[PDB]
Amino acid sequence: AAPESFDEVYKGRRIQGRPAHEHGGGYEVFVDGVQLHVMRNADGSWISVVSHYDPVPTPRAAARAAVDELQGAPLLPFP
């Protein structure tokens, strides 16, 4: 039962999420139109490839954590 979609500008960057090398991936996140690998843990928390050891409660929180991590840097597409 996937989280809702989202779309916002966070710290100057566009982050989007939607229900849909890696895994299944029943949800997709993008930072400025580049797909960000994210994963759901059994307890419902989320992580992304740029914050993989630090569970956050939602995919929007994972997107925001990625923007925080990137410090303005473009994301490269995953595998």
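Quick note: we count residues from 1 along the sequence shown, nothing fancier.
- The modelled chain breaks between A20 and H21, where 4 to 9 residues of the deposited sequence lack coordinates.
- Averaged over their C-alpha atoms, the temperature factors of 7-15 and 21-29 are higher for 21-29.
- In this PDB entry, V34 carries a Cα temperature factor that places it within the middle third of its chain's modelled residues.
- When the CA B factors of the chain's modelled residues are split into thirds, the value for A42 lands in the highest one.
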